[PDB]
Amino acid sequence: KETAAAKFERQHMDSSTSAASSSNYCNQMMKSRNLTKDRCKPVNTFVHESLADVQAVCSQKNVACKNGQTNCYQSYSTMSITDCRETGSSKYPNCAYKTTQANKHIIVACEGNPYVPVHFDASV
């Protein structure tokens, strides 16, 4: 069954582009990464950096997750990210999203050995 680490890459990593290139980026990515299979995931962030740079966040600034957990880490540097948010016209199975480009610090939750990201918590 898919591991938590593999699930993080599938839902959040897009090293193949430096940023979202059109307003349809989220619509395409959400569907292809299988994030709209059972329902429309309401919000999802993609990170446009190398996997190694994102995995490195687990050894950066330790911070509390939004939920209180203390296995969260924030990147020392800003990263290129795309914020995908469901629109008013979104209706399963035709999930629709608004694409927003941004450069922010990311906060992820890390677990395992090797200690890698398993959940995207927020961008600040």
# chains A, B, ... in the order shown; residues from 1 in each chain; ligands from 1
call {"tool": "select_by_dssp", "arguments": {"residues": "chain A", "states": "alpha helix (DSSP H)", "output": "MDAnalysis selection string"}}
result
chainID A and resid 4:12 25:32 51:55
call {"tool": "write_last_selection", "arguments": {"atoms": "N, CA, C and O atoms", "output": "short mmCIF file (atom, residue, chain, number, x, y, z; two decimals), in the first residue's frame"}}
result
data_model
loop_
_atom_site.label_atom_id
_atom_site.label_comp_id
_atom_site.auth_asym_id
_atom_site.auth_seq_id
_atom_site.Cartn_x
_atom_site.Cartn_y
_atom_site.Cartn_z
N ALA A 4 3.46 6.77 3.37
CA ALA A 4 3.20 8.17 3.68
C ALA A 4 4.18 9.07 2.93
O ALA A 4 3.82 10.18 2.51
N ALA A 5 5.41 8.61 2.78
CA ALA A 5 6.44 9.38 2.08
C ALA A 5 6.14 9.51 0.58
O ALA A 5 6.29 10.58 0.01
N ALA A 6 5.70 8.41 -0.04
CA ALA A 6 5.36 8.38 -1.46
C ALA A 6 4.11 9.23 -1.69
O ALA A 6 3.99 9.91 -2.71
N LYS A 7 3.16 9.18 -0.75
CA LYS A 7 1.93 9.96 -0.85
C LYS A 7 2.27 11.46 -0.82
O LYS A 7 1.66 12.25 -1.55
N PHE A 8 3.23 11.86 0.01
CA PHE A 8 3.62 13.27 0.06
C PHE A 8 4.18 13.72 -1.33
O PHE A 8 3.90 14.82 -1.80
N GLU A 9 5.02 12.91 -1.94
CA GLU A 9 5.57 13.28 -3.23
C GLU A 9 4.48 13.40 -4.27
O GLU A 9 4.51 14.33 -5.08
N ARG A 10 3.58 12.42 -4.28
CA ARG A 10 2.45 12.41 -5.23
C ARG A 10 1.52 13.61 -5.07
O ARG A 10 1.08 14.20 -6.05
N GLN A 11 1.22 14.01 -3.84
CA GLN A 11 0.32 15.11 -3.64
C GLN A 11 0.98 16.45 -3.71
O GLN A 11 0.31 17.43 -4.01
N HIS A 12 2.27 16.52 -3.43
CA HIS A 12 2.88 17.84 -3.28
C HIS A 12 4.10 18.25 -4.07
O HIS A 12 4.49 19.42 -4.01
N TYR A 25 -3.30 25.02 -14.36
CA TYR A 25 -2.32 24.15 -13.73
C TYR A 25 -2.95 23.26 -12.64
O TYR A 25 -2.85 22.03 -12.68
N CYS A 26 -3.64 23.89 -11.69
CA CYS A 26 -4.28 23.12 -10.60
C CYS A 26 -5.30 22.13 -11.12
O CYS A 26 -5.28 20.95 -10.76
N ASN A 27 -6.15 22.56 -12.04
CA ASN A 27 -7.13 21.67 -12.59
C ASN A 27 -6.48 20.43 -13.16
O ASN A 27 -6.95 19.30 -12.93
N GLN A 28 -5.38 20.60 -13.88
CA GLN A 28 -4.71 19.46 -14.47
C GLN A 28 -3.97 18.61 -13.47
O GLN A 28 -4.03 17.39 -13.55
N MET A 29 -3.22 19.26 -12.59
CA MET A 29 -2.41 18.56 -11.59
C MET A 29 -3.23 17.80 -10.55
O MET A 29 -2.89 16.66 -10.16
N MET A 30 -4.33 18.41 -10.11
CA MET A 30 -5.19 17.76 -9.13
C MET A 30 -5.77 16.50 -9.71
O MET A 30 -5.87 15.47 -9.03
N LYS A 31 -6.15 16.53 -10.98
CA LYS A 31 -6.71 15.34 -11.58
C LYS A 31 -5.66 14.26 -11.83
O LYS A 31 -5.86 13.08 -11.49
N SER A 32 -4.53 14.64 -12.41
CA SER A 32 -3.48 13.67 -12.76
C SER A 32 -2.77 13.03 -11.57
O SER A 32 -2.31 11.89 -11.65
N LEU A 51 13.31 17.41 -4.83
CA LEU A 51 12.88 16.58 -3.72
C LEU A 51 13.93 16.65 -2.62
O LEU A 51 13.59 16.76 -1.46
N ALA A 52 15.21 16.60 -2.96
CA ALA A 52 16.23 16.69 -1.94
C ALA A 52 16.11 17.97 -1.11
O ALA A 52 16.33 17.95 0.10
N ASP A 53 15.73 19.09 -1.72
CA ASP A 53 15.62 20.35 -0.99
C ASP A 53 14.44 20.35 -0.05
O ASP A 53 14.47 21.00 0.99
N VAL A 54 13.39 19.65 -0.45
CA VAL A 54 12.19 19.58 0.37
C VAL A 54 12.42 18.59 1.52
O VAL A 54 12.05 18.86 2.66
N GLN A 55 13.04 17.45 1.23
CA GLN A 55 13.38 16.46 2.29
C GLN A 55 14.31 17.09 3.34
O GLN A 55 14.22 16.78 4.51
#
call {"tool": "closest_atom_pairs", "arguments": {"of": "segment 5-69 of chain A", "to": "segment 96-107 of chain A", "cutoff": "12 Å", "atoms": "only C-alpha atoms", "output": "JSON lines"}}
result
{"residue": "A:12", "atom": "CA", "partner": "A:106", "partner_atom": "CA", "distance": 11.4}
{"residue": "A:18", "atom": "CA", "partner": "A:101", "partner_atom": "CA", "distance": 10.3}
{"residue": "A:19", "atom": "CA", "partner": "A:101", "partner_atom": "CA", "distance": 6.8}
{"residue": "A:20", "atom": "CA", "partner": "A:101", "partner_atom": "CA", "distance": 6.5}
{"residue": "A:21", "atom": "CA", "partner": "A:101", "partner_atom": "CA", "distance": 9.1}
{"residue": "A:22", "atom": "CA", "partner": "A:99", "partner_atom": "CA", "distance": 8.0}
{"residue": "A:23", "atom": "CA", "partner": "A:99", "partner_atom": "CA", "distance": 5.6}
{"residue": "A:24", "atom": "CA", "partner": "A:99", "partner_atom": "CA", "distance": 7.1}
{"residue": "A:25", "atom": "CA", "partner": "A:99", "partner_atom": "CA", "distance": 6.6}
{"residue": "A:26", "atom": "CA", "partner": "A:99", "partner_atom": "CA", "distance": 5.6}
{"residue": "A:27", "atom": "CA", "partner": "A:97", "partner_atom": "CA", "distance": 5.6}
{"residue": "A:28", "atom": "CA", "partner": "A:97", "partner_atom": "CA", "distance": 9.3}
{"residue": "A:29", "atom": "CA", "partner": "A:97", "partner_atom": "CA", "distance": 10.0}
{"residue": "A:30", "atom": "CA", "partner": "A:97", "partner_atom": "CA", "distance": 8.4}
{"residue": "A:31", "atom": "CA", "partner": "A:96", "partner_atom": "CA", "distance": 9.6}
{"residue": "A:35", "atom": "CA", "partner": "A:96", "partner_atom": "CA", "distance": 11.8}
{"residue": "A:36", "atom": "CA", "partner": "A:96", "partner_atom": "CA", "distance": 9.8}
{"residue": "A:39", "atom": "CA", "partner": "A:96", "partner_atom": "CA", "distance": 11.6}
{"residue": "A:40", "atom": "CA", "partner": "A:96", "partner_atom": "CA", "distance": 8.4}
{"residue": "A:41", "atom": "CA", "partner": "A:97", "partner_atom": "CA", "distance": 9.9}
{"residue": "A:42", "atom": "CA", "partner": "A:97", "partner_atom": "CA", "distance": 8.4}
{"residue": "A:43", "atom": "CA", "partner": "A:97", "partner_atom": "CA", "distance": 8.6}
{"residue": "A:44", "atom": "CA", "partner": "A:97", "partner_atom": "CA", "distance": 9.7}
{"residue": "A:45", "atom": "CA", "partner": "A:100", "partner_atom": "CA", "distance": 9.5}
{"residue": "A:46", "atom": "CA", "partner": "A:101", "partner_atom": "CA", "distance": 9.7}
{"residue": "A:47", "atom": "CA", "partner": "A:106", "partner_atom": "CA", "distance": 8.8}
{"residue": "A:48", "atom": "CA", "partner": "A:103", "partner_atom": "CA", "distance": 9.9}
{"residue": "A:49", "atom": "CA", "partner": "A:103", "partner_atom": "CA", "distance": 11.2}
{"residue": "A:53", "atom": "CA", "partner": "A:106", "partner_atom": "CA", "distance": 11.4}
{"residue": "A:54", "atom": "CA", "partner": "A:106", "partner_atom": "CA", "distance": 9.0}
{"residue": "A:55", "atom": "CA", "partner": "A:107", "partner_atom": "CA", "distance": 11.4}
{"residue": "A:56", "atom": "CA", "partner": "A:106", "partner_atom": "CA", "distance": 11.7}
{"residue": "A:57", "atom": "CA", "partner": "A:107", "partner_atom": "CA", "distance": 8.1}
{"residue": "A:58", "atom": "CA", "partner": "A:107", "partner_atom": "CA", "distance": 9.3}
{"residue": "A:59", "atom": "CA", "partner": "A:107", "partner_atom": "CA", "distance": 11.8}
{"residue": "A:60", "atom": "CA", "partner": "A:107", "partner_atom": "CA", "distance": 10.0}
{"residue": "A:61", "atom": "CA", "partner": "A:107", "partner_atom": "CA", "distance": 9.1}
{"residue": "A:62", "atom": "CA", "partner": "A:107", "partner_atom": "CA", "distance": 9.2}
{"residue": "A:63", "atom": "CA", "partner": "A:107", "partner_atom": "CA", "distance": 8.2}
{"residue": "A:64", "atom": "CA", "partner": "A:107", "partner_atom": "CA", "distance": 9.3}
{"residue": "A:65", "atom": "CA", "partner": "A:107", "partner_atom": "CA", "distance": 7.8}
{"residue": "A:66", "atom": "CA", "partner": "A:107", "partner_atom": "CA", "distance": 9.5}
call {"tool": "write_last_selection", "arguments": {"atoms": "C-alpha atoms", "output": "CSV table (one decimal), in the first residue's frame"}}
result
chain,number,residue,atom,x,y,z
A,12,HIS,CA,2.9,17.8,-3.3
A,18,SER,CA,9.6,26.2,-11.8
A,19,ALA,CA,6.1,27.6,-11.3
A,20,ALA,CA,2.5,27.2,-12.5
A,21,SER,CA,2.4,28.3,-16.2
A,22,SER,CA,-1.4,28.9,-16.7
A,23,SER,CA,-4.7,29.2,-14.8
A,24,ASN,CA,-5.3,25.5,-15.6
A,25,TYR,CA,-2.3,24.1,-13.7
A,26,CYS,CA,-4.3,23.1,-10.6
A,27,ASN,CA,-7.1,21.7,-12.6
A,28,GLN,CA,-4.7,19.5,-14.5
A,29,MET,CA,-2.4,18.6,-11.6
A,30,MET,CA,-5.2,17.8,-9.1
A,31,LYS,CA,-6.7,15.3,-11.6
A,35,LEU,CA,-6.3,14.0,-5.8
A,36,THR,CA,-9.9,14.2,-7.0
A,39,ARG,CA,-14.0,13.6,-3.7
A,40,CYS,CA,-12.6,17.0,-4.5
A,41,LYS,CA,-9.7,17.7,-2.1
A,42,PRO,CA,-10.5,21.3,-1.2
A,43,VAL,CA,-6.9,22.8,-0.9
A,44,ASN,CA,-3.6,21.4,-2.0
A,45,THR,CA,-0.1,22.9,-2.4
A,46,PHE,CA,2.5,21.9,-4.9
A,47,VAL,CA,6.2,22.6,-4.4
A,48,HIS,CA,8.4,23.5,-7.4
A,49,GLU,CA,11.8,22.5,-5.9
A,53,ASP,CA,15.6,20.4,-1.0
A,54,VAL,CA,12.2,19.6,0.4
A,55,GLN,CA,13.4,16.5,2.3
A,56,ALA,CA,16.1,18.7,3.8
A,57,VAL,CA,13.4,20.7,5.6
A,58,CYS,CA,13.1,17.9,8.1
A,59,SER,CA,16.5,19.1,9.5
A,60,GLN,CA,15.6,22.7,9.5
A,61,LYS,CA,13.6,24.9,12.0
A,62,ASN,CA,11.5,22.7,14.3
A,63,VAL,CA,8.1,24.3,14.9
A,64,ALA,CA,4.7,23.2,16.2
A,65,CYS,CA,2.2,22.0,13.6
A,66,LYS,CA,-1.1,23.8,13.3
call {"tool": "atom_distance", "arguments": {"atom1": "atom CA of residue 124 of chain A", "atom2": "atom CA of residue 16 of chain A"}}
result
22.9 Å
call {"tool": "atom_distance", "arguments": {"atom1": "atom CA of residue 116 of chain A", "atom2": "atom CA of residue 37 of chain A"}}
result
25.4 Å
call {"tool": "decode", "arguments": {"residues": "segment 94-110 of chain A", "atoms": "N, CA, C and O atoms", "output": "PDB file, in the first residue's frame"}}
result
ATOM      1  N   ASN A  94     -16.331  16.811 -11.416  1.00  0.00           N
ATOM      2  CA  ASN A  94     -15.611  17.884 -12.104  1.00  0.00           C
ATOM      3  C   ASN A  94     -15.160  18.910 -11.129  1.00  0.00           C
ATOM      4  O   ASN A  94     -15.767  19.951 -10.957  1.00  0.00           O
ATOM      5  N   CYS A  95     -14.104  18.562 -10.429  1.00  0.00           N
ATOM      6  CA  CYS A  95     -13.533  19.442  -9.434  1.00  0.00           C
ATOM      7  C   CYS A  95     -12.853  20.600 -10.199  1.00  0.00           C
ATOM      8  O   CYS A  95     -12.251  20.371 -11.254  1.00  0.00           O
ATOM      9  N   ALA A  96     -12.974  21.820  -9.687  1.00  0.00           N
ATOM     10  CA  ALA A  96     -12.412  23.006 -10.334  1.00  0.00           C
ATOM     11  C   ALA A  96     -11.643  23.750  -9.287  1.00  0.00           C
ATOM     12  O   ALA A  96     -12.120  23.878  -8.161  1.00  0.00           O
ATOM     13  N   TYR A  97     -10.485  24.284  -9.668  1.00  0.00           N
ATOM     14  CA  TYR A  97      -9.571  24.975  -8.757  1.00  0.00           C
ATOM     15  C   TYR A  97      -9.044  26.285  -9.297  1.00  0.00           C
ATOM     16  O   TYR A  97      -8.960  26.493 -10.507  1.00  0.00           O
ATOM     17  N   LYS A  98      -8.713  27.163  -8.371  1.00  0.00           N
ATOM     18  CA  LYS A  98      -8.118  28.461  -8.636  1.00  0.00           C
ATOM     19  C   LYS A  98      -6.607  28.215  -8.364  1.00  0.00           C
ATOM     20  O   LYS A  98      -6.236  27.603  -7.347  1.00  0.00           O
ATOM     21  N   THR A  99      -5.764  28.651  -9.302  1.00  0.00           N
ATOM     22  CA  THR A  99      -4.309  28.518  -9.250  1.00  0.00           C
ATOM     23  C   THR A  99      -3.680  29.826  -8.787  1.00  0.00           C
ATOM     24  O   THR A  99      -3.922  30.856  -9.400  1.00  0.00           O
ATOM     25  N   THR A 100      -2.864  29.769  -7.731  1.00  0.00           N
ATOM     26  CA  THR A 100      -2.175  30.926  -7.159  1.00  0.00           C
ATOM     27  C   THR A 100      -0.699  30.601  -6.979  1.00  0.00           C
ATOM     28  O   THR A 100      -0.354  29.623  -6.333  1.00  0.00           O
ATOM     29  N   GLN A 101       0.164  31.398  -7.609  1.00  0.00           N
ATOM     30  CA  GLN A 101       1.626  31.230  -7.525  1.00  0.00           C
ATOM     31  C   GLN A 101       2.094  32.020  -6.310  1.00  0.00           C
ATOM     32  O   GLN A 101       1.541  33.096  -6.032  1.00  0.00           O
ATOM     33  N   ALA A 102       3.112  31.528  -5.606  1.00  0.00           N
ATOM     34  CA  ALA A 102       3.621  32.240  -4.450  1.00  0.00           C
ATOM     35  C   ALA A 102       5.033  31.764  -4.149  1.00  0.00           C
ATOM     36  O   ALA A 102       5.472  30.776  -4.689  1.00  0.00           O
ATOM     37  N   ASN A 103       5.752  32.518  -3.338  1.00  0.00           N
ATOM     38  CA  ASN A 103       7.114  32.191  -2.915  1.00  0.00           C
ATOM     39  C   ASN A 103       7.059  32.349  -1.416  1.00  0.00           C
ATOM     40  O   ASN A 103       7.055  33.479  -0.910  1.00  0.00           O
ATOM     41  N   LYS A 104       7.025  31.231  -0.701  1.00  0.00           N
ATOM     42  CA  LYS A 104       6.884  31.292   0.744  1.00  0.00           C
ATOM     43  C   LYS A 104       7.667  30.206   1.414  1.00  0.00           C
ATOM     44  O   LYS A 104       8.133  29.291   0.753  1.00  0.00           O
ATOM     45  N   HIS A 105       7.770  30.297   2.737  1.00  0.00           N
ATOM     46  CA  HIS A 105       8.407  29.259   3.549  1.00  0.00           C
ATOM     47  C   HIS A 105       7.356  28.169   3.691  1.00  0.00           C
ATOM     48  O   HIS A 105       6.167  28.463   3.745  1.00  0.00           O
ATOM     49  N   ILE A 106       7.773  26.913   3.684  1.00  0.00           N
ATOM     50  CA  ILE A 106       6.821  25.832   3.862  1.00  0.00           C
ATOM     51  C   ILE A 106       7.020  25.159   5.242  1.00  0.00           C
ATOM     52  O   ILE A 106       8.089  25.253   5.853  1.00  0.00           O
ATOM     53  N   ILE A 107       5.957  24.558   5.757  1.00  0.00           N
ATOM     54  CA  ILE A 107       6.013  23.831   7.026  1.00  0.00           C
ATOM     55  C   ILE A 107       5.456  22.435   6.753  1.00  0.00           C
ATOM     56  O   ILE A 107       4.339  22.263   6.236  1.00  0.00           O
ATOM     57  N   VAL A 108       6.261  21.427   7.057  1.00  0.00           N
ATOM     58  CA  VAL A 108       5.854  20.061   6.816  1.00  0.00           C
ATOM     59  C   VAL A 108       6.053  19.262   8.094  1.00  0.00           C
ATOM     60  O   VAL A 108       6.764  19.704   9.013  1.00  0.00           O
ATOM     61  N   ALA A 109       5.356  18.133   8.174  1.00  0.00           N
ATOM     62  CA  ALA A 109       5.501  17.197   9.289  1.00  0.00           C
ATOM     63  C   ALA A 109       6.388  16.050   8.759  1.00  0.00           C
ATOM     64  O   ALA A 109       6.166  15.506   7.658  1.00  0.00           O
ATOM     65  N   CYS A 110       7.375  15.670   9.567  1.00  0.00           N
ATOM     66  CA  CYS A 110       8.311  14.610   9.216  1.00  0.00           C
ATOM     67  C   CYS A 110       8.189  13.385  10.088  1.00  0.00           C
ATOM     68  O   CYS A 110       7.926  13.492  11.281  1.00  0.00           O
TER      69      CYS A 110
END
